[PDB]
Amino acid sequence: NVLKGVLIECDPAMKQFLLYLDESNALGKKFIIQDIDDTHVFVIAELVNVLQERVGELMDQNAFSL
Amino acid sequence: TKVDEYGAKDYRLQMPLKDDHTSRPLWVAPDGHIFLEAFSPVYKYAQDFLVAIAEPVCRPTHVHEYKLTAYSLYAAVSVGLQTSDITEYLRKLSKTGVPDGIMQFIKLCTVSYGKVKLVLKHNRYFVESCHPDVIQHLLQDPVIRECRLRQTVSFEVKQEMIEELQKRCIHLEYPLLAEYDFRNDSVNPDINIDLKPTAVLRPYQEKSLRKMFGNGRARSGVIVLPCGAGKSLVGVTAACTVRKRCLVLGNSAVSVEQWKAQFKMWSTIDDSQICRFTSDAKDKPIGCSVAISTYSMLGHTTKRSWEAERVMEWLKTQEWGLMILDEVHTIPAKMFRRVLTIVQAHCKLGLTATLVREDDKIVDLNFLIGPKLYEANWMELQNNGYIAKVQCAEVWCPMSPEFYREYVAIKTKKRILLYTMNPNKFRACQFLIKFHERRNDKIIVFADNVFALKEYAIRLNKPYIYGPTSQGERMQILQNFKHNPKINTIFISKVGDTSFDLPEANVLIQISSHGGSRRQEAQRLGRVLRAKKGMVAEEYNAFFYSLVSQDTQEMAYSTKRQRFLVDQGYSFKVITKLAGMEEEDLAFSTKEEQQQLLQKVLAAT
Amino acid sequence: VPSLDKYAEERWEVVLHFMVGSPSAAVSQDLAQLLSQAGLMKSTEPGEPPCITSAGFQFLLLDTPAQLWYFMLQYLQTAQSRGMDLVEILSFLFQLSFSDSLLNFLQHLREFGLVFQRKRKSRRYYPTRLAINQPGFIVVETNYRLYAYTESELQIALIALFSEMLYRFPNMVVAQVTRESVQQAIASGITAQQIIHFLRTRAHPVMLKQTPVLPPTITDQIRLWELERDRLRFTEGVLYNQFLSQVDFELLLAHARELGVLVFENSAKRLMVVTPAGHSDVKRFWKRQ
Amino acid sequence: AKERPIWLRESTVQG
DNA sequence: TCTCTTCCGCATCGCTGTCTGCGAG
DNA sequence: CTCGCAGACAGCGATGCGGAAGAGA
Ligand SMILES: Nc1ncnc2c1ncn2[C@@H]1O[C@H](COP(=O)(O)OP(=O)(O)O)[C@@H](O)[C@H]1O
Ligand code: BEF
Ligand SMILES: [Mg+2]
């Protein structure tokens with residue numbers, strides 16, 4: 001089949017975070033269509049922007065404000 | 001209070017700029033914050049003045065920052081400074097003048113010292129003063145009258161309410177002057193403690209004692225020095241100077257053993273006079289001139305054993321000329337502070353290195369023990385070679401995908417175990433121990449989590465110390481670690497984060513931690529902060545590793561707990577990866593091992 | 001001559017003030033549109049003052065020589081587009097280093113502070129130091145604290161881009177390089193290397209003696225904050241799966257590699273991703289069979 | 001003479 | 001048959017983080 | 001209505017105390 005979307009390359013730990021979001025449907029839909037590799041994933045383009053902030057929120061939680 | 005466009009505090013309508021500001025090294029903002037240039041020619045004099053009047057906020061290498069507070073100024077007047085002297089010198093050093101708000105603020109926090117005094121004589125507490133007006137004003141206050149026992153004027157007060165009395169007296173702008181005139185007290189017999197000639201105190205130790213013994217009387221307060229600086233000798237020297245019965249309160253049975261060793265090493269007091277009061281054993285505390293105990297032993301709330309109750313009866317019915325409170329930062333605790341009222345002490349000398357807490361009870365030390373008599377600079381002792389030069393590093397250990405899969409989902413307090421037992425973090429710790437052991441370095445591995453402590457220790461086959469380990473068994477471990485060449489690395493828990501004197505401990509690895517505790521981070525770094533035998537000041541004698549797991553709450557805690565150390569000028573290098581790990585036979589190198597670990601961690605809950 | 005350098009610095013600074021959101025700055029419609037068409041500014045509304053583009057922030061942090069050169073290069077490129085021959089103005093610049101178009105060029109140069117007639121725009125002109133083609137003031141601490149000995153609002157504005165301003169004094173400004181401030185600057189368009197370079201060049205003489213002058217932790221932490229934002233490398237593409245023809249999958253892989261459209265591939269799973277630009281070409285190739 | 005490790009000696013940041 | 005030492009629960013407490021009511025514009 | 005306190009609860013771990021059990025005489 002032919003699927004059009006966006007390829008995400010990230011650390012293996014970050015990949016598990018993306019997959020956890022996909023399974024939990026935290027974004028309201030399964031944004032992952034086909035896992036590619038332990039470092040790369042393919043997601044629907046329409047939810048990349050909302051996905052970006054979700055990762056950013058995770059980064060804020062794992063950081064301290066000074 | 002004006003704010004610029006960039007959320008900045010605009011203070012130019014507040015103060016002008018002086019002509020020869022280049023020579024003047026000091027900025028004094030109306031907020032009370034003071035900024036000092038460490039590179040100025042007159043930095044030494046400015047630093048000595050500022051630390052007396054303002055407690056440091058941050059002291060990097062170039063520009064220091066101090067904050068002016070009521071307690072800090074109350075400490076300045078105690079050591080001997082006057083409002084005119086403080087404001088005169090501050091204006092002379094200030095390169096923009098002293099804003100009117102600060103000028104009146106300094107005056108307000110200086111006309112309250114010496115008005116009221118607390119005197120302990122014949123086991124009775126009296127609030128004495130030479131001004132009847134202030135005494136009457138105190139009586140008007142309800143709680144002050146409530147704690148009353150049920151020319152110079154003195155009214156007796158009950159012992160159990162001293163803390164409330166002291167606390168209120170601070171609120172009334174009439175702090176109690178807890179100063180001991182040991183040289184003019186023949187009621188209590190003098191002890192045979194003497195400072196042997198072999199003891200040659202360091203410049204900062206002498207300065208700290210001078211602040212405590214500036215006048216004939218002995219001032220009660222907190223002396224702050226970097227870990228490994230030699231606070232024990234300051235405590236021993238204070239006991240030597242007072243020459244009265246001394247009570248020393250350590251943090252654990254290991255601390256009192258070290259305290260007893262310090263007294264024997266630095267003083268001529270015979271071992272028969274030194275006594276310990278701990279659950280493990282006691283050297284007949286009924287007869288003893290120097291008593292060494294712990295907060296837990298004295299601060300115990302439940303009914304005591306008969307053997308311990310007899311000692312407590314003797315301690316309660318005694319007058320101590322000097323109560324040395326090691327690790328003062330733990331005093332403001334609910335039951336540890338009770339120890340102060342339990343024991344009748346004339347001069348309470350507080351010794352600590354990290355005068356910080358995650359709560360707001362640290363300020364209670366002002367009315368529990370006294371003002372901060374002295375506070376040495378970590379970098380100045382570092383450069384002078386009095387403490388080891390530590391290269392603080394933060395090792396980033398990428399979180400394992402299978403472990404992280406569980407961490408991102410699980411949130412029922414199981415994260416702490418999950419990211420503490422990170423296979424990547426274990427491998428980094430294992431590699432670091434292997435690398436540094438080959439360098440003849442002595443490693444201390446700290447793990448707040450006992451499950452992680454045991455997991456690493458048995459897996460690496462190294463001795464470990466934590467709660468259940470008996471005093472004798474852990475003391476043996478320390479002795480082997482100090483002297484046994486075979487024993488090069490030990491694992492320690494929350495028990496040994498303070499008071500553990502390991503002079504030769506070059507390396508320290510931190511794999512688990514309790515929240516964002518700045519005190520724990522700074523105290524843990526203190527184990528490897530002692531001056532080394534063949535040390536060189538500018539050669540990075542010691543190393544401090546704080547292993548953390550990326551994309552985890554530990555990263556947030558890691559920055560939180562580093563706040564105190566950076567305020568001292570310590571820079572935490574970030575180590576994303578370690579070279580040579582691949583070519584090393586480290587554990588958890590297969591997914592099977594990691595999967596087994598995750599199941600065990602999940603089972604532990 | 002001594003006044004020329006002050007004139008050039010002041011005239012260039014006011015242009016920089018206008019670049020940042022400074023209400024007190026030189027007003028000039030020709031300069032405003034010139035910056036807008038220079039690729040470092042955009043208005044979209046003549047009535048309202050223009051904002052700063054992503055490249056605008058990067059331009060601000062550049063050193064004055066490079067900062068001036070980039071503007072001059074943009075001016076030369078736009079000269080031909082607006083109808084001004086590049087050769088005529090280029091010759092004038094070469095003469096400075098050693099007609100109506102010349103008069104317009106000279107007027108713009110004066111506005112930039114590079115030239116100054118001083119005689120009510122007479123024929124004779126005196127080029128400034130910058131026409132041919134400074135001690136630092138920032139102390140960087142190990143606790144992400146900047147103490148900039150600045151009197152000018154421009155330098156404060158530049159430092160405020162990537163840091164939080166805490167206190168202000170006539171000869172000192174206290175700022176903190178927090179992650180939020182750095183991350184905000186990175187989002188605006190700044191890059192970490194520019195921030196370290198900006199602090200490095202404007203480094204207090206006290207910091208010069210120590211090597212590295214900027215503490216490694218501060219420089220590193222800034223880079224890590226930059227690297228944090230780009231943890232995920234999004235790349236648009238088209239994925240191909242269900243490669244029943246395993247033998248032909250390699251042939252398609254080779255064809256994709258030859259065309260240069262392949263972005264990522266996984267031989268073990270027999271899949272690859274190609275940019276949408278070449279998606280049609282590979283689709284046509286597959287249709288051809 | 002027991003030089004410092006590479007990771008401590010020089011930055012390991014990719015940037 | 002007694003006495004000393006080891007080991008395991010009870011109870012409490014220190015330190016920190018996180019929370020569900022309370023209070024303020 | 002929204003936003004920020006704010007002391008209490010919970011987790012962990014550590015300590016003192018008591019009791020039971022094993023080794024020694
Ligand atoms: N003046 C001195 N001369 C020699 N050795 C000293 C001196 N002061 C301290 N030391 C040594 O330094 C170490 C200080 O340990 P300790 O007093 O427990 O430190 P702290 O209480 O500051 O953490 C000990 O090894 C002690 O013998
Ligand atoms: F501050 Be020390 F380690 F007692
Ligand atoms: Mg000590």
# chains A, B, ... in the order shown; residues from 1 in each chain; ligands from 1
$ closest_atom_pairs --of "chain C" --to "chain A" --cutoff "10 Å" --atoms "only C-alpha atoms" --output "JSON lines"
{"residue": "C:144", "atom": "CA", "partner": "A:66", "partner_atom": "CA", "distance": 9.6}
{"residue": "C:176", "atom": "CA", "partner": "A:66", "partner_atom": "CA", "distance": 8.6}
{"residue": "C:177", "atom": "CA", "partner": "A:66", "partner_atom": "CA", "distance": 9.0}
{"residue": "C:178", "atom": "CA", "partner": "A:66", "partner_atom": "CA", "distance": 6.1}
{"residue": "C:179", "atom": "CA", "partner": "A:65", "partner_atom": "CA", "distance": 7.4}
{"residue": "C:180", "atom": "CA", "partner": "A:65", "partner_atom": "CA", "distance": 7.5}
{"residue": "C:228", "atom": "CA", "partner": "A:59", "partner_atom": "CA", "distance": 7.9}
{"residue": "C:229", "atom": "CA", "partner": "A:56", "partner_atom": "CA", "distance": 7.6}
{"residue": "C:230", "atom": "CA", "partner": "A:10", "partner_atom": "CA", "distance": 9.2}
{"residue": "C:231", "atom": "CA", "partner": "A:10", "partner_atom": "CA", "distance": 6.1}
{"residue": "C:232", "atom": "CA", "partner": "A:10", "partner_atom": "CA", "distance": 5.0}
{"residue": "C:233", "atom": "CA", "partner": "A:9", "partner_atom": "CA", "distance": 5.0}
{"residue": "C:234", "atom": "CA", "partner": "A:8", "partner_atom": "CA", "distance": 4.7}
{"residue": "C:235", "atom": "CA", "partner": "A:7", "partner_atom": "CA", "distance": 5.0}
{"residue": "C:236", "atom": "CA", "partner": "A:6", "partner_atom": "CA", "distance": 4.2}
{"residue": "C:237", "atom": "CA", "partner": "A:6", "partner_atom": "CA", "distance": 5.5}
{"residue": "C:238", "atom": "CA", "partner": "A:4", "partner_atom": "CA", "distance": 4.3}
{"residue": "C:239", "atom": "CA", "partner": "A:3", "partner_atom": "CA", "distance": 5.1}
{"residue": "C:240", "atom": "CA", "partner": "A:2", "partner_atom": "CA", "distance": 5.1}
{"residue": "C:241", "atom": "CA", "partner": "A:1", "partner_atom": "CA", "distance": 5.5}
{"residue": "C:242", "atom": "CA", "partner": "A:1", "partner_atom": "CA", "distance": 5.9}
{"residue": "C:243", "atom": "CA", "partner": "A:1", "partner_atom": "CA", "distance": 8.2}
{"residue": "C:263", "atom": "CA", "partner": "A:7", "partner_atom": "CA", "distance": 9.5}
{"residue": "C:264", "atom": "CA", "partner": "A:7", "partner_atom": "CA", "distance": 8.9}
{"residue": "C:265", "atom": "CA", "partner": "A:36", "partner_atom": "CA", "distance": 8.7}
{"residue": "C:266", "atom": "CA", "partner": "A:36", "partner_atom": "CA", "distance": 7.4}
{"residue": "C:268", "atom": "CA", "partner": "A:37", "partner_atom": "CA", "distance": 9.7}
{"residue": "C:269", "atom": "CA", "partner": "A:36", "partner_atom": "CA", "distance": 7.9}
{"residue": "C:270", "atom": "CA", "partner": "A:36", "partner_atom": "CA", "distance": 9.9}
{"residue": "C:271", "atom": "CA", "partner": "A:36", "partner_atom": "CA", "distance": 7.9}
{"residue": "C:272", "atom": "CA", "partner": "A:36", "partner_atom": "CA", "distance": 8.7}
{"residue": "C:273", "atom": "CA", "partner": "A:7", "partner_atom": "CA", "distance": 8.0}
{"residue": "C:274", "atom": "CA", "partner": "A:4", "partner_atom": "CA", "distance": 9.5}
{"residue": "C:275", "atom": "CA", "partner": "A:4", "partner_atom": "CA", "distance": 9.4}
{"residue": "C:276", "atom": "CA", "partner": "A:4", "partner_atom": "CA", "distance": 8.0}
{"residue": "C:279", "atom": "CA", "partner": "A:4", "partner_atom": "CA", "distance": 9.4}
{"residue": "C:283", "atom": "CA", "partner": "A:2", "partner_atom": "CA", "distance": 9.3}
$ residues_around --residues "segment 4-10 of chain D" --least-positions-apart "4" --cutoff "9 Å" --atoms "only C-alpha atoms (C1' of nucleotides)" --output "PyMOL selection string"
(chain B and resi 391+393+435+540+573-579) or (chain C and resi 216)
$ residues_near_ligand --ligand "ligand 2" --cutoff "10 Å" --atoms "only C-alpha atoms (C1' of nucleotides) and all ligand atoms" --output "ChimeraX atom specification"
/B:224-232,250-251,255,258-259,326-327,351-354,496-502,522-530
$ write_last_selection --atoms "C-alpha atoms" --output "PDB file, in the first residue's frame"
ATOM      1  CA  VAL B 224      28.811  27.287  58.534  1.00  0.00           C
ATOM      2  CA  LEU B 225      31.801  25.722  56.780  1.00  0.00           C
ATOM      3  CA  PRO B 226      32.087  23.553  53.660  1.00  0.00           C
ATOM      4  CA  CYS B 227      31.883  19.814  54.190  1.00  0.00           C
ATOM      5  CA  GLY B 228      35.310  18.472  55.078  1.00  0.00           C
ATOM      6  CA  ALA B 229      36.473  21.950  56.088  1.00  0.00           C
ATOM      7  CA  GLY B 230      37.109  20.900  59.689  1.00  0.00           C
ATOM      8  CA  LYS B 231      33.965  21.819  61.604  1.00  0.00           C
ATOM      9  CA  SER B 232      34.828  19.134  64.166  1.00  0.00           C
ATOM     10  CA  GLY B 250      25.933  14.066  66.219  1.00  0.00           C
ATOM     11  CA  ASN B 251      23.626  12.769  63.520  1.00  0.00           C
ATOM     12  CA  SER B 255      29.121  10.608  63.804  1.00  0.00           C
ATOM     13  CA  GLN B 258      34.044  10.338  64.729  1.00  0.00           C
ATOM     14  CA  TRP B 259      33.362  13.112  67.243  1.00  0.00           C
ATOM     15  CA  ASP B 326      26.259  18.965  64.582  1.00  0.00           C
ATOM     16  CA  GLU B 327      24.116  19.100  61.432  1.00  0.00           C
ATOM     17  CA  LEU B 351      27.869  23.421  63.213  1.00  0.00           C
ATOM     18  CA  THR B 352      26.663  22.759  59.674  1.00  0.00           C
ATOM     19  CA  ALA B 353      27.640  23.037  56.022  1.00  0.00           C
ATOM     20  CA  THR B 354      24.289  23.257  54.167  1.00  0.00           C
ATOM     21  CA  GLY B 496      25.720   8.168  55.365  1.00  0.00           C
ATOM     22  CA  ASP B 497      24.886  11.321  53.422  1.00  0.00           C
ATOM     23  CA  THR B 498      26.229  13.387  56.348  1.00  0.00           C
ATOM     24  CA  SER B 499      29.021  13.301  58.942  1.00  0.00           C
ATOM     25  CA  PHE B 500      30.919  10.488  57.165  1.00  0.00           C
ATOM     26  CA  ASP B 501      34.587  11.533  57.256  1.00  0.00           C
ATOM     27  CA  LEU B 502      36.336   9.666  54.418  1.00  0.00           C
ATOM     28  CA  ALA B 522      25.488  19.246  48.852  1.00  0.00           C
ATOM     29  CA  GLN B 523      25.919  16.989  51.887  1.00  0.00           C
ATOM     30  CA  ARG B 524      26.584  13.933  49.714  1.00  0.00           C
ATOM     31  CA  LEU B 525      29.244  15.819  47.754  1.00  0.00           C
ATOM     32  CA  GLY B 526      30.871  16.555  51.113  1.00  0.00           C
ATOM     33  CA  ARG B 527      32.077  12.978  51.565  1.00  0.00           C
ATOM     34  CA  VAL B 528      34.715  13.438  48.850  1.00  0.00           C
ATOM     35  CA  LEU B 529      35.319  17.099  49.779  1.00  0.00           C
ATOM     36  CA  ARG B 530      38.067  16.447  52.341  1.00  0.00           C
TER      37      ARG B 530
END
$ residues_around --residues "residue 12 of chain F" --least-positions-apart "2" --cutoff "10 Å" --atoms "only C-alpha atoms (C1' of nucleotides)" --output "PyMOL selection string"
(chain B and resi 448-450+514) or (chain E and resi 15-16) or (chain F and resi 10+14)
$ write_last_selection --atoms "N, CA, C and O atoms (P, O5', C5', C4', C3', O3' and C1' of nucleotides)" --output "CSV table (one decimal), in the first residue's frame"
chain,number,residue,atom,x,y,z
B,448,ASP,N,19.6,6.6,47.7
B,448,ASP,CA,18.6,6.7,48.6
B,448,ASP,C,17.7,5.5,48.7
B,448,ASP,O,17.2,5.1,49.8
B,449,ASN,N,17.4,4.9,47.5
B,449,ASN,CA,16.5,3.8,47.4
B,449,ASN,C,17.2,2.5,47.9
B,449,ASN,O,18.3,2.2,47.3
B,450,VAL,N,16.7,1.9,48.9
B,450,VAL,CA,17.4,0.7,49.4
B,450,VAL,C,17.3,-0.5,48.4
B,450,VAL,O,18.3,-1.2,48.2
B,514,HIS,N,16.6,11.6,46.9
B,514,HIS,CA,15.3,11.9,47.6
B,514,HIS,C,14.9,13.3,47.1
B,514,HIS,O,15.2,14.3,47.7
E,15,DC,P,14.6,16.8,58.9
E,15,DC,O5',14.2,16.2,57.5
E,15,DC,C5',15.1,15.3,56.8
E,15,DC,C4',14.6,15.1,55.4
E,15,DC,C3',14.1,16.3,54.7
E,15,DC,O3',14.7,16.5,53.4
E,15,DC,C1',12.5,14.6,54.6
E,16,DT,P,14.5,17.9,52.6
E,16,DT,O5',13.5,17.5,51.5
E,16,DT,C5',13.7,16.5,50.6
E,16,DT,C4',12.4,16.0,50.0
E,16,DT,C3',11.6,17.0,49.3
E,16,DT,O3',11.8,17.0,47.9
E,16,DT,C1',10.3,15.5,50.6
F,10,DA,P,-3.3,8.9,54.3
F,10,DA,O5',-2.0,8.5,53.3
F,10,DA,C5',-2.1,8.8,51.9
F,10,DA,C4',-0.7,8.8,51.3
F,10,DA,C3',0.2,7.6,51.7
F,10,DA,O3',0.2,6.6,50.7
F,10,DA,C1',1.4,9.7,51.8
F,14,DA,P,17.8,3.6,54.9
F,14,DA,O5',17.6,4.3,56.3
F,14,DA,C5',17.8,5.7,56.5
F,14,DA,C4',17.6,6.0,58.0
F,14,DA,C3',18.2,5.1,59.0
F,14,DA,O3',19.0,5.9,60.0
F,14,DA,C1',15.9,5.4,59.5
$ residues_around --residues "residue 390 of chain B" --least-positions-apart "3" --cutoff "12 Å" --atoms "only C-alpha atoms (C1' of nucleotides)" --output "MDAnalysis selection string"
(chainID B and resid 227 378:379 381:383 385 387 393 505:508 522 525:532 535:545 565 568:573) or (chainID D and resid 8)
$ write_last_selection --atoms "C-alpha atoms" --output "PDB file, in the first residue's frame"
ATOM      1  CA  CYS B 227      31.883  19.814  54.190  1.00  0.00           C
ATOM      2  CA  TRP B 378      33.528  27.107  49.402  1.00  0.00           C
ATOM      3  CA  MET B 379      35.639  28.374  46.498  1.00  0.00           C
ATOM      4  CA  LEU B 381      38.805  27.032  50.679  1.00  0.00           C
ATOM      5  CA  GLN B 382      38.858  25.097  47.398  1.00  0.00           C
ATOM      6  CA  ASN B 383      41.537  27.342  45.894  1.00  0.00           C
ATOM      7  CA  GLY B 385      43.711  23.693  49.180  1.00  0.00           C
ATOM      8  CA  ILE B 387      39.095  21.202  50.608  1.00  0.00           C
ATOM      9  CA  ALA B 393      29.357  16.035  36.610  1.00  0.00           C
ATOM     10  CA  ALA B 505      37.315   9.153  48.968  1.00  0.00           C
ATOM     11  CA  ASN B 506      38.245  10.573  45.564  1.00  0.00           C
ATOM     12  CA  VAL B 507      35.087   9.705  43.601  1.00  0.00           C
ATOM     13  CA  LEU B 508      31.395   9.836  44.486  1.00  0.00           C
ATOM     14  CA  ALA B 522      25.488  19.246  48.852  1.00  0.00           C
ATOM     15  CA  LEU B 525      29.244  15.819  47.754  1.00  0.00           C
ATOM     16  CA  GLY B 526      30.871  16.555  51.113  1.00  0.00           C
ATOM     17  CA  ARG B 527      32.077  12.978  51.565  1.00  0.00           C
ATOM     18  CA  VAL B 528      34.715  13.438  48.850  1.00  0.00           C
ATOM     19  CA  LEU B 529      35.319  17.099  49.779  1.00  0.00           C
ATOM     20  CA  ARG B 530      38.067  16.447  52.341  1.00  0.00           C
ATOM     21  CA  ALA B 531      41.587  17.630  51.601  1.00  0.00           C
ATOM     22  CA  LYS B 532      43.637  14.816  50.084  1.00  0.00           C
ATOM     23  CA  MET B 535      46.473  17.028  46.875  1.00  0.00           C
ATOM     24  CA  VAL B 536      47.104  19.924  44.506  1.00  0.00           C
ATOM     25  CA  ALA B 537      44.716  22.860  44.686  1.00  0.00           C
ATOM     26  CA  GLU B 538      44.120  23.191  40.922  1.00  0.00           C
ATOM     27  CA  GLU B 539      44.215  19.530  39.827  1.00  0.00           C
ATOM     28  CA  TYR B 540      40.607  18.366  40.447  1.00  0.00           C
ATOM     29  CA  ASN B 541      41.467  15.921  43.209  1.00  0.00           C
ATOM     30  CA  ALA B 542      37.898  14.647  43.663  1.00  0.00           C
ATOM     31  CA  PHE B 543      35.060  13.829  41.271  1.00  0.00           C
ATOM     32  CA  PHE B 544      31.289  13.872  41.792  1.00  0.00           C
ATOM     33  CA  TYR B 545      28.937  11.995  39.456  1.00  0.00           C
ATOM     34  CA  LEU B 565      26.080  23.701  44.841  1.00  0.00           C
ATOM     35  CA  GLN B 568      28.716  27.949  45.826  1.00  0.00           C
ATOM     36  CA  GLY B 569      30.278  28.230  42.357  1.00  0.00           C
ATOM     37  CA  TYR B 570      30.202  24.538  41.428  1.00  0.00           C
ATOM     38  CA  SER B 571      29.498  23.834  37.754  1.00  0.00           C
ATOM     39  CA  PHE B 572      27.792  20.541  36.887  1.00  0.00           C
ATOM     40  CA  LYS B 573      29.169  19.223  33.610  1.00  0.00           C
TER      41      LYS B 573
ATOM     42  CA  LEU D   8      35.379  15.098  32.174  1.00  0.00           C
TER      43      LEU D   8
END
$ residues_around --residues "residue 169 of chain C" --least-positions-apart "6" --cutoff "12 Å" --atoms "only C-alpha atoms (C1' of nucleotides)" --output "VMD selection string"
(chain B and resid 4 8 to 18 26 to 30 35 95 to 96) or (chain C and resid 147 to 153 156 175)
$ select_by_dssp --residues "segment 13-107 of chain C" --states "helix (DSSP H, G or I)" --output "VMD selection string"
chain C and resid 13 to 19 29 to 40 54 to 61 64 to 82 86 to 97 100 to 107
$ interface_residues --of "chain D" --to "chain B" --cutoff "7 Å" --atoms "only C-alpha atoms" --output "list in words"
residues 2, 7, 12 and 13 of chain D
$ write_last_selection --atoms "C-alpha atoms" --output "PDB file, in the first residue's frame"
ATOM      1  CA  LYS D   2      46.561   9.797  36.079  1.00  0.00           C
ATOM      2  CA  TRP D   7      34.309  12.823  29.317  1.00  0.00           C
ATOM      3  CA  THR D  12      30.597  15.470  25.033  1.00  0.00           C
ATOM      4  CA  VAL D  13      27.865  17.701  23.579  1.00  0.00           C
TER       5      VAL D  13
END
$ closest_residue --among "B:399, B:248, B:376, B:57" --to "ligand 3" --atoms "only C-alpha atoms and all ligand atoms"
B:248
